[PDB]
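Structure record follows, encoded as structure tokens.
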Amino acid sequence: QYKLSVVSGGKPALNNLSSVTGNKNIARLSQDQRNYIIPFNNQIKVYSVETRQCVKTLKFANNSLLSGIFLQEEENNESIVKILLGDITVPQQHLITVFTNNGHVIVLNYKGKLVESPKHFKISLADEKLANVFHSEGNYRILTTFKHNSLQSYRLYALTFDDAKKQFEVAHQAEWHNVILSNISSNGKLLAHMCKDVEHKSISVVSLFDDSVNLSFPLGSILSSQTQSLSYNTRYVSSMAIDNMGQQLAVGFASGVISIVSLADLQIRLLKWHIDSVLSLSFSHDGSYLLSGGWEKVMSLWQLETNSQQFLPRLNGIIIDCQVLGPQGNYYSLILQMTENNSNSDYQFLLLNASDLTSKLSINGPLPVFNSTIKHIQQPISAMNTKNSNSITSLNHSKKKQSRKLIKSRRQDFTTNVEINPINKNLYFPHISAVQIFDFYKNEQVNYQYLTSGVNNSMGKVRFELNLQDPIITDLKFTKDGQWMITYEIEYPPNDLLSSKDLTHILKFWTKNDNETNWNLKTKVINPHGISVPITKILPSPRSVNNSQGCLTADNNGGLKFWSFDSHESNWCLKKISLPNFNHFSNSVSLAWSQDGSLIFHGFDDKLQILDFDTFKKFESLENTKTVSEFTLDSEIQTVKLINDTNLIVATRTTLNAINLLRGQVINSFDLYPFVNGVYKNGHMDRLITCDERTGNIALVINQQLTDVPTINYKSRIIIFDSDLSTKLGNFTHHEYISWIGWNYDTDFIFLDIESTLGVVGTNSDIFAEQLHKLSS
Amino acid sequence: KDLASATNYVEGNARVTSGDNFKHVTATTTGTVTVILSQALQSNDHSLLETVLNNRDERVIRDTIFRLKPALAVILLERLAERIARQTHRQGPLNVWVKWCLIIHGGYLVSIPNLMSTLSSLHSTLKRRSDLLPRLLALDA
Amino acid sequence: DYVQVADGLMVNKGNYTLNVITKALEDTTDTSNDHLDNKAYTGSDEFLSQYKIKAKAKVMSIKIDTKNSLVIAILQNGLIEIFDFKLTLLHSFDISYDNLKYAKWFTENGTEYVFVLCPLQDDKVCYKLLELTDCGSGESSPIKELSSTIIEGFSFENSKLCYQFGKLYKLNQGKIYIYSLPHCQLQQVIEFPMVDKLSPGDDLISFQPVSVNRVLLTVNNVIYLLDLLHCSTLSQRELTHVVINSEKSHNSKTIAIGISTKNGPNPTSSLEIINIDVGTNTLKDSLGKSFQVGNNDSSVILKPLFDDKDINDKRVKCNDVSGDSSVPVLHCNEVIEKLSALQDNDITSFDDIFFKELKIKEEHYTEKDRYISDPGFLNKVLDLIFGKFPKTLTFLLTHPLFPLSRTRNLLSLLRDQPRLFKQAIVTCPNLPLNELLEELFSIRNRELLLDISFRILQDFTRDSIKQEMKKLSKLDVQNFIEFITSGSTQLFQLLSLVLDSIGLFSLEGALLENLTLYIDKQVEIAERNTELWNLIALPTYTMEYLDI
Amino acid sequence: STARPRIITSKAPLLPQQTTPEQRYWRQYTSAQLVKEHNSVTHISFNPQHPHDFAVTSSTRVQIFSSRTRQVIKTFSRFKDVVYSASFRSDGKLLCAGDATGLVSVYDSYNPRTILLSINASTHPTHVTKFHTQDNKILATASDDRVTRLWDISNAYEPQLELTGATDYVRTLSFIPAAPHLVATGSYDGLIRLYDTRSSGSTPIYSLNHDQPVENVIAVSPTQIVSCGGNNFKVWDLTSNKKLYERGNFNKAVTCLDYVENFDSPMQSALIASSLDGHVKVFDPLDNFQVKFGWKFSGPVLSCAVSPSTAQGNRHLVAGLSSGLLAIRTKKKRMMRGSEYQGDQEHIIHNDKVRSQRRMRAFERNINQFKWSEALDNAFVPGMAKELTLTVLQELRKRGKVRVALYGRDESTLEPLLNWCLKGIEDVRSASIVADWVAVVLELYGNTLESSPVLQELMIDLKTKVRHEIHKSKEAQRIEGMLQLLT
RNA sequence: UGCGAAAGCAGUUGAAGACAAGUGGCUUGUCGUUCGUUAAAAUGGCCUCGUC
């Protein structure tokens, strides 16, 4: 009677184009500046700024007139592109109008409970287009992308709605052929694009409502002779912005200078502080404050009358887009990206009032650590090719290489690590040198804590130092009484120095009470199990040995160590140790622990060993009646699991076995080779498949489709079992690729997408008072 | 503290521990001085301990360790381990001391059923001293 | 659930004395004790009763009375005490407590009332019973447990008017109706081979499971939830399972159906009246390691099925996993029939063995991942290929790579065919430490000994290796280090281990100094080629020249 | 925004003799003042009701010191022979001193001009006297007349109780601190006795036999007492009537004991002992009477005493030696009227004042101000320390680049790097950072090594230091090998 | 780039187009150009809220 249910939200899903827009932010404030309307890939959140809660949601899986628009299986390319607040049907009297990237204009019931029937219109002339809207007092325009070198075209249409109460109508003002960068004035009465029209690439500025300002020039005039002969990363225009009025343009080059130019006489101005490439810049509402932000995580706002700055030093992420959005400029938007994982494009929306630069409502998506890229997830542009970014000359190159690699090769696992906290039932995400505590009920984040001795937030990463790698968190477990994080991570010395040939393994213990929402460090085991030695598998104990306070870690070698906390010593130390020196070293160790508190199932590669706890060695034979203490399966085993004391569930590199412990023989076996051959890294299927207390276990079928040639789309199935492979009592297919599933201890399971949503495997005084409330407003 | 900030890492009062170290599971011999070491190992008196440890004559060390009772040699080289962990400038002139106790008495502490639990400090100190060989070979190269 | 069998009011008493327990009249008249038989003389008792009664300390001896006064008898000094009337019929189930606590005022026809032992302190008689089939003593409340094969079931306590599990339960004609250690369950015997721990909360058992040991005489083990159950037509007692601080070897349990025994604990050195011999002094039962070690009443035929997924809709959802279509090797009955076809009259030829492997799930002659693997099939085809044909390559290169061999590696010491010996020493994944160490101490002294060195320290455990090579000959290790002197990482590591395990004082001087010279030139070349590895202004006046 | 991460100081890892909090608390006892006396300081007692005074017992001269200034404040010298035992009444008001003539005298505090009363004990030297703990007016005197006595100070003429039953040289008394009718004595044949005061008091109700002749008997609880004689102290329990602990970690006989309960410490109870050898050792009665810390003095320490539970000021450890002096180791614990208003009655209180951080280091603000070469230069100043230099080297390795920190050097400023590195390569925790730092400096400065002659001798003796250290680490690897043999 | 163990294993390296410079053609260099292979260099560096 099981079912899958989508519960929680994903990334904010901005206009993630390849420099096709300089306004890469589609969030909005209501005209009563108290409510932040923000689109997601899965939701439409509405927040209240003075309280920072989700004051309402517009979920997609709760109504059947846009879940049919964008919640299908494959062709989910329908995406929200602009949220206008001035309504279109009958104007001037408090609802929002969604514009989508094909043009399904919706009008949706903003204040209060929505109806099942919002206003719909698929737009008229769309073949495959929508860039953004422009609005004024009534007069609305649209920008549309069009068809060579793969540079799109822009057509500008004028829009209205009335006199035929279903259909809009367009006007087709003007167009331009090749664009590589275009940005809109923050009030929306101006835009400026690039042309690439050889006798070099050119800049043009066009007014869209009236024709008061329209001009074009080659940008060799903007370039000096200091850049006429030197490298290309100072000829590379990386970002641009316009003032409100129409006389001060700003380009920001990839080396990091910011050339302000006038628009009356084409004379220039050198704002020079960014050591790395300039990504975000925008004028304030008058033209006196150039507010910008680049690769290092500073927000730099420059008053232009002295060329002097005010600095915000660390925003835990690089900046992509930022502009003022208040009625007179009392709120700074910010679209920051948190680049320290090169896996996902995990943005983080925040706006912050200009009073004391304190933050307000950092809306962020959930933060997994995938082991691979996902779908056209490339790094943003910097000056140097590195391991956290990619340069100017390696963007289309790395895009083609990534798409071709995900088409051709056979390594499509990229499953992330997680935990569920047993006390407060919220799920922890490992990040790069960071934990991120996400509660899936309100689908948000309670806090964020660095766990290592990382330079992630001390300095901002820069041109050459981006090759430095922060110490990534490998794995953390929880003592399942919810009292100790046992967190093991690795740290990387930088290259071109003789200490680069090793990497230091640090394990550490972290405690808290339920008062504090962030943990405090207790003991720092530097280099456990030897030196330069991995651990990968690790277990807490169930309630037997120390009321769930015994942390026993495996080894890359095959060894075991058992640490437990004591009372006379108020510091976590160890009790037991075993180092067998297998001269072959497989990372595919695994561990299970008998919840009675008897033995350890050491799932070394094709050597499933039974270890009694009293000597921390192999299981001893006395009765000589089927006293087998070692299984040797067909291939190297990777996952061992134990639901209760009767049965063992061991999935190997190729198949799966289901064994009785009480009578040591195979009860069942399910081959897995048509789904997993080498597509999974050796040791990640244990993170994939998991236990429960009584309701059986879950396997996760993986499927990457085959176009009539394989593709990049996905579907994935789970199959729920019961008590050592009796029945496949549940089969479920999700239309996007699954990553992990796990028993959240309220007796269900939680999985995760890569279009990163979460889901659960679920089971006359009254008339006078009304007139007074109407008239007092 | 602001409500959109990653909280900074803190060291606090964390004991940094190496995983290699662990906790638990007519007379005609020579006239020279070891019962001073015996009743300086009964108690803990570092003054006459350094007076009996600042000699370097190997045959003298041989005869003193040979006359020493074997039952306290374990805590003898435990405190020699803490001396060589405190400073390693004169490592050799009592590395001879920490080897000769092993050489003269080995079988007693072999037959002692818990070796590494109470000798876990000394070989941790020595592996800390000896695990950095390859890059100092690179230094020399 | 069950465990291994062995041995091929005493639960509230003190043993090791002359009045140790309350011995019944096992082919005797009335009563006795155990002295391995003190003063336990009854009175007016044993109309046909071969059972007895006591008050748990031999301070007030009791009887299986025919007048129902089981309160006092010849107890301590051989003289009677003050006896009160409790029952009115055959009083085998009338062993009362010490002094006015409780008294099972029972009979042989379902009669019950309220009674006491020392004084006549009684209460309201609310039995309401029929012709029952179970009348025992229960301690959830202080109660007489009355159940029936017709109509009764409860623990009836006439001290708070407590019917524990009150129902009209229908039992049968049984004999092994034990209690449990938990005290919330009596291990009922619903038939001879059918027994289950009936929990006396609402008259429900866990499950009636079949066993190899049919329940003929069962008692409750004093450690945990377990019944010591023995068969009358046998000599062994199976300790089945489903207070444990002190081990359950005390006189609490009474189940003895071994070699002509009757109702005794593990210390059975005083059986009935004549102090017969004893069996196995039983230990306790706490952990789950013993349950993972052994359990009876096994299963149906549990051969591996290797079941795939169902035939579902995955037509356009192709995956293309490994190198080809989804049709893998899947044949088990055909594999067994091909094994019979290979073991038939075409066994002697190798062409009909290569074609037999072709009719079987044929690989590319050398690999794993063709998942047709069962241990019985494996060992029967190993017998039919290693009788007397080792003369073929296809099947014997398909099969060094199968780990489901079931210790058929004793032939590795026997046969030595060179490439087959190399595939044996590098491939077969169950190798004996003693056999590999003896093959190492054999003095062929080449790269095959280097490869079994890599195999022994890729497989085994270091302390087991040092234990197995402590008990060997010093001539083999002397010739071994002589070969090391005369002419590599794994060989160096086992050199470390044999220098550990040779001992401390049982050595030479000369070969040790030859090893000293070899190891000094070895450390010299070692440091020299690690050195190899890590080795991998304007003057004021000058005089120049120009051209023409 | 966020805050700034403080630059950590990675201290020494798990070296042996690890810093346990009990030895921290006893380690902070500083300023060991040594005060000369005239003869052997036999007995030292403390002031109970205001723990601020202690009494010492020299020959013929009893002094009392105060804990605030640690100088002699009063004397007592009306003693016709050597004076043996000094003790205080529990109300801290009167000092009882047993001398060797036998006329044991009690004065009151701070008034030596008035002897309150002189108890005529036996002809033998009254060797120990002390007041009762529960009752005030009863006083136990043991002389070497193989007997001890209880006097009521009000009826001071006659022995109120005559406790006989001891064989040779009765020497210590202590009272069981819950039942006041239980009095425990010790003699010089062992056999620690105790008596009920309601009884006739001529034989012990149960005796306990330390095999050595017992030297001190104290009580730490109603259940267990601690008696010492010979080179071990033994704990007995009265309820089990049985010895249950014994520690013998000394050389010669232990000569005094005491106990302290519930005072300001991580260690709750503490029993310290003086041992006639040069050591005073503290033992922890919580975990099976293990030794915890030990102070070494310059002769056979004949008595010691610590300040009591509620000392409220400078806490003291004191020990009188027999050589003639005394060791004190101490531990020491109209326009702006509204500007202290602090918000009592006002409605809404707002508070966001940031606490001032402790002052950042020079190298810390240099790395935070990104001037990396200046951070290295101000790091290698000889006014800094080893762990600070190691952490700025670790910081520049982990975050910046050593190539960047060395990209503009010369003959001159490359000297103190190598000059520190000579001392740094020899020890344990620094040598990897020394290794890759000198490796990258000789990678980057090879041609300047060719031209300049000065640092060539630095490279030469760095080669010698590397050879010395590879020899030391090779022989330490040999010791690791032979331990792998002996396991 | 693929595997694998933190060490090492096997193998890439092209084709076309556009534009520029230099000497009508010809040499050299860049690619917000396409297909295919699993394949350093603009003087520019991170804020206040310890204050009477």
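To be explicit about the labels: the chains of the structure tokens are called A, B, and onward in the order shown, and within each one the residues are counted from 1, while ligands get numbers from 1 in the order they are shown.
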Problem - alpha helix (DSSP H) per DSSP on the backbone: members of chain B, as a ChimeraX atom specification - result: /B:35-41,46-53,58-67,73-86,92-104,107-111,115-118,122-130,133-140
Handout entry: Residues of chain B within 9 Å of chain C, counting only C-alpha atoms, as an NGL selection string
Key = :B and (106-107 or 134-135 or 137-141)
Practice task
Within 7 Å of segment 180-187 of chain A, counting only C-alpha atoms (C1' of nucleotides), which residues show up once you throw out same-chain ones fewer than 5 positions away? Write them as a VMD selection string, please.
Solution key: (chain A and resid 19 to 23 151 192 to 194 240 to 244) or (chain E and resid 32)
Generate a file of the selected residues that holds N, CA and C atoms (P, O5', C5', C4', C3', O3' and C1' of nucleotides), formatted as a PDB file, in the first residue's frame.
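Done, and the output landed in selection.pdb:
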```pdb
ATOM      1  N   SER A  19      25.247  33.385 -20.684  1.00  0.00           N
ATOM      2  CA  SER A  19      25.448  34.825 -20.908  1.00  0.00           C
ATOM      3  C   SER A  19      24.438  35.409 -21.889  1.00  0.00           C
ATOM      4  N   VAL A  20      23.258  34.800 -21.979  1.00  0.00           N
ATOM      5  CA  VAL A  20      22.223  35.329 -22.858  1.00  0.00           C
ATOM      6  C   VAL A  20      21.462  36.447 -22.165  1.00  0.00           C
ATOM      7  N   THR A  21      21.672  36.623 -20.862  1.00  0.00           N
ATOM      8  CA  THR A  21      21.033  37.683 -20.104  1.00  0.00           C
ATOM      9  C   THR A  21      22.036  38.176 -19.069  1.00  0.00           C
ATOM     10  N   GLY A  22      22.041  39.484 -18.826  1.00  0.00           N
ATOM     11  CA  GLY A  22      22.872  40.039 -17.775  1.00  0.00           C
ATOM     12  C   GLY A  22      22.075  40.245 -16.504  1.00  0.00           C
ATOM     13  N   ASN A  23      20.755  40.084 -16.615  1.00  0.00           N
ATOM     14  CA  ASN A  23      19.839  40.106 -15.479  1.00  0.00           C
ATOM     15  C   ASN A  23      19.464  38.667 -15.138  1.00  0.00           C
ATOM     16  N   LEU A 151      24.773  31.735 -32.027  1.00  0.00           N
ATOM     17  CA  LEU A 151      24.475  32.943 -31.267  1.00  0.00           C
ATOM     18  C   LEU A 151      23.053  33.352 -31.598  1.00  0.00           C
ATOM     19  N   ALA A 192      20.829  47.102 -23.351  1.00  0.00           N
ATOM     20  CA  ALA A 192      22.029  47.197 -24.163  1.00  0.00           C
ATOM     21  C   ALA A 192      22.525  45.798 -24.452  1.00  0.00           C
ATOM     22  N   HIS A 193      22.836  45.545 -25.711  1.00  0.00           N
ATOM     23  CA  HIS A 193      23.288  44.240 -26.145  1.00  0.00           C
ATOM     24  C   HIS A 193      24.598  44.385 -26.900  1.00  0.00           C
ATOM     25  N   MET A 194      25.174  43.243 -27.232  1.00  0.00           N
ATOM     26  CA  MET A 194      26.347  43.187 -28.083  1.00  0.00           C
ATOM     27  C   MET A 194      25.979  42.575 -29.424  1.00  0.00           C
ATOM     28  N   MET A 240      28.005  43.486 -17.978  1.00  0.00           N
ATOM     29  CA  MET A 240      27.682  44.863 -18.315  1.00  0.00           C
ATOM     30  C   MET A 240      26.407  45.291 -17.607  1.00  0.00           C
ATOM     31  N   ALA A 241      26.254  46.607 -17.465  1.00  0.00           N
ATOM     32  CA  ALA A 241      25.073  47.191 -16.841  1.00  0.00           C
ATOM     33  C   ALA A 241      24.913  48.625 -17.317  1.00  0.00           C
ATOM     34  N   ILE A 242      23.697  49.146 -17.163  1.00  0.00           N
ATOM     35  CA  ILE A 242      23.336  50.495 -17.585  1.00  0.00           C
ATOM     36  C   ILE A 242      22.831  51.255 -16.366  1.00  0.00           C
ATOM     37  N   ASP A 243      22.999  52.579 -16.370  1.00  0.00           N
ATOM     38  CA  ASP A 243      22.317  53.414 -15.392  1.00  0.00           C
ATOM     39  C   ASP A 243      20.808  53.429 -15.642  1.00  0.00           C
ATOM     40  N   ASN A 244      20.090  54.131 -14.771  1.00  0.00           N
ATOM     41  CA  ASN A 244      18.658  54.304 -14.982  1.00  0.00           C
ATOM     42  C   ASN A 244      18.377  55.296 -16.101  1.00  0.00           C
TER      43      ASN A 244
ATOM     44  P     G E  32      35.643  33.760 -29.392  1.00  0.00           P
ATOM     45  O5'   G E  32      34.182  33.135 -29.445  1.00  0.00           O
ATOM     46  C5'   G E  32      33.884  31.895 -28.819  1.00  0.00           C
ATOM     47  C4'   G E  32      32.638  32.011 -27.980  1.00  0.00           C
ATOM     48  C3'   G E  32      31.497  32.808 -28.602  1.00  0.00           C
ATOM     49  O3'   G E  32      30.666  32.036 -29.444  1.00  0.00           O
ATOM     50  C1'   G E  32      31.929  33.630 -26.440  1.00  0.00           C
TER      51        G E  32
END
```
Exercise for the section: Name the residues in contact with residue 34 of chain E at a cut-off of 10 Å, using only C-alpha atoms (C1' of nucleotides), excluding same-chain residues fewer than 4 positions from it; report them as an MDAnalysis selection string. Expected result: (chainID A and resid 148:149) or (chainID E and resid 16:17)
Using the selection just defined, write its residues with C-alpha atoms (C1' of nucleotides) as a PDB file, in the first residue's frame.
```pdb
ATOM      1  CA  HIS A 148      25.585  30.809 -37.665  1.00  0.00           C
ATOM      2  CA  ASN A 149      28.065  29.982 -34.850  1.00  0.00           C
TER       3      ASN A 149
ATOM      4  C1'   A E  16      37.857  21.889 -41.335  1.00  0.00           C
ATOM      5  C1'   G E  17      36.417  27.172 -40.961  1.00  0.00           C
TER       6        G E  17
END
```
Would you mind listing, for every residue of chain A within 9 Å of chain C, the two atoms forming the shortest contact and the distance between them in Å to one decimal, using only C-alpha atoms, sorted by chain and ascending residue number, as JSON lines?
```
{"residue": "A:410", "atom": "CA", "partner": "C:321", "partner_atom": "CA", "distance": 8.1}
{"residue": "A:579", "atom": "CA", "partner": "C:462", "partner_atom": "CA", "distance": 9.0}
{"residue": "A:580", "atom": "CA", "partner": "C:461", "partner_atom": "CA", "distance": 5.8}
{"residue": "A:581", "atom": "CA", "partner": "C:462", "partner_atom": "CA", "distance": 7.4}
{"residue": "A:582", "atom": "CA", "partner": "C:458", "partner_atom": "CA", "distance": 5.1}
{"residue": "A:583", "atom": "CA", "partner": "C:458", "partner_atom": "CA", "distance": 5.0}
{"residue": "A:584", "atom": "CA", "partner": "C:458", "partner_atom": "CA", "distance": 5.9}
{"residue": "A:594", "atom": "CA", "partner": "C:288", "partner_atom": "CA", "distance": 8.7}
{"residue": "A:596", "atom": "CA", "partner": "C:288", "partner_atom": "CA", "distance": 7.0}
{"residue": "A:597", "atom": "CA", "partner": "C:287", "partner_atom": "CA", "distance": 8.3}
{"residue": "A:598", "atom": "CA", "partner": "C:289", "partner_atom": "CA", "distance": 6.4}
{"residue": "A:599", "atom": "CA", "partner": "C:289", "partner_atom": "CA", "distance": 7.3}
{"residue": "A:612", "atom": "CA", "partner": "C:289", "partner_atom": "CA", "distance": 7.9}
{"residue": "A:619", "atom": "CA", "partner": "C:289", "partner_atom": "CA", "distance": 8.8}
{"residue": "A:621", "atom": "CA", "partner": "C:293", "partner_atom": "CA", "distance": 8.5}
{"residue": "A:623", "atom": "CA", "partner": "C:4", "partner_atom": "CA", "distance": 7.7}
{"residue": "A:624", "atom": "CA", "partner": "C:293", "partner_atom": "CA", "distance": 8.4}
{"residue": "A:625", "atom": "CA", "partner": "C:294", "partner_atom": "CA", "distance": 6.2}
{"residue": "A:626", "atom": "CA", "partner": "C:293", "partner_atom": "CA", "distance": 6.3}
{"residue": "A:627", "atom": "CA", "partner": "C:293", "partner_atom": "CA", "distance": 5.4}
{"residue": "A:628", "atom": "CA", "partner": "C:293", "partner_atom": "CA", "distance": 7.8}
{"residue": "A:632", "atom": "CA", "partner": "C:403", "partner_atom": "CA", "distance": 6.4}
{"residue": "A:633", "atom": "CA", "partner": "C:403", "partner_atom": "CA", "distance": 7.1}
{"residue": "A:634", "atom": "CA", "partner": "C:403", "partner_atom": "CA", "distance": 6.9}
{"residue": "A:635", "atom": "CA", "partner": "C:369", "partner_atom": "CA", "distance": 7.8}
{"residue": "A:645", "atom": "CA", "partner": "C:288", "partner_atom": "CA", "distance": 7.5}
{"residue": "A:646", "atom": "CA", "partner": "C:292", "partner_atom": "CA", "distance": 7.8}
{"residue": "A:654", "atom": "CA", "partner": "C:369", "partner_atom": "CA", "distance": 7.4}
{"residue": "A:655", "atom": "CA", "partner": "C:306", "partner_atom": "CA", "distance": 8.8}
{"residue": "A:656", "atom": "CA", "partner": "C:306", "partner_atom": "CA", "distance": 8.9}
{"residue": "A:657", "atom": "CA", "partner": "C:306", "partner_atom": "CA", "distance": 8.9}
{"residue": "A:660", "atom": "CA", "partner": "C:292", "partner_atom": "CA", "distance": 8.4}
{"residue": "A:661", "atom": "CA", "partner": "C:292", "partner_atom": "CA", "distance": 5.0}
{"residue": "A:662", "atom": "CA", "partner": "C:292", "partner_atom": "CA", "distance": 3.9}
{"residue": "A:663", "atom": "CA", "partner": "C:295", "partner_atom": "CA", "distance": 6.4}
{"residue": "A:664", "atom": "CA", "partner": "C:292", "partner_atom": "CA", "distance": 7.6}
{"residue": "A:665", "atom": "CA", "partner": "C:302", "partner_atom": "CA", "distance": 8.1}
{"residue": "A:666", "atom": "CA", "partner": "C:304", "partner_atom": "CA", "distance": 6.7}
{"residue": "A:667", "atom": "CA", "partner": "C:302", "partner_atom": "CA", "distance": 6.2}
{"residue": "A:668", "atom": "CA", "partner": "C:304", "partner_atom": "CA", "distance": 6.3}
{"residue": "A:669", "atom": "CA", "partner": "C:306", "partner_atom": "CA", "distance": 5.1}
{"residue": "A:670", "atom": "CA", "partner": "C:307", "partner_atom": "CA", "distance": 5.3}
{"residue": "A:671", "atom": "CA", "partner": "C:308", "partner_atom": "CA", "distance": 5.9}
{"residue": "A:672", "atom": "CA", "partner": "C:308", "partner_atom": "CA", "distance": 7.7}
{"residue": "A:673", "atom": "CA", "partner": "C:321", "partner_atom": "CA", "distance": 7.5}
{"residue": "A:674", "atom": "CA", "partner": "C:321", "partner_atom": "CA", "distance": 5.3}
{"residue": "A:675", "atom": "CA", "partner": "C:321", "partner_atom": "CA", "distance": 6.0}
{"residue": "A:676", "atom": "CA", "partner": "C:321", "partner_atom": "CA", "distance": 7.0}
{"residue": "A:677", "atom": "CA", "partner": "C:322", "partner_atom": "CA", "distance": 6.3}
{"residue": "A:678", "atom": "CA", "partner": "C:322", "partner_atom": "CA", "distance": 8.4}
{"residue": "A:679", "atom": "CA", "partner": "C:321", "partner_atom": "CA", "distance": 8.4}
{"residue": "A:702", "atom": "CA", "partner": "C:319", "partner_atom": "CA", "distance": 8.4}
{"residue": "A:703", "atom": "CA", "partner": "C:319", "partner_atom": "CA", "distance": 5.7}
{"residue": "A:704", "atom": "CA", "partner": "C:319", "partner_atom": "CA", "distance": 5.7}
{"residue": "A:705", "atom": "CA", "partner": "C:317", "partner_atom": "CA", "distance": 4.9}
{"residue": "A:706", "atom": "CA", "partner": "C:318", "partner_atom": "CA", "distance": 5.5}
{"residue": "A:707", "atom": "CA", "partner": "C:316", "partner_atom": "CA", "distance": 7.9}
{"residue": "A:708", "atom": "CA", "partner": "C:316", "partner_atom": "CA", "distance": 8.2}
{"residue": "A:710", "atom": "CA", "partner": "C:319", "partner_atom": "CA", "distance": 8.0}
{"residue": "A:715", "atom": "CA", "partner": "C:317", "partner_atom": "CA", "distance": 8.2}
```
Fill in the blank from the handout: Expressed in Å, the length from atom CA of residue 521 of chain C to atom CA of residue 128 of chain B is 26.8 Å
Practice task
Apply DSSP to the backbone of this structure and, from segment 186-278 of chain D, keep only the residues in strand (DSSP E); write these as an NGL selection string.
Solution key: :D and (186-187 or 190-196 or 216-219 or 224-229 or 232-237 or 242-247 or 256-260 or 270-274)
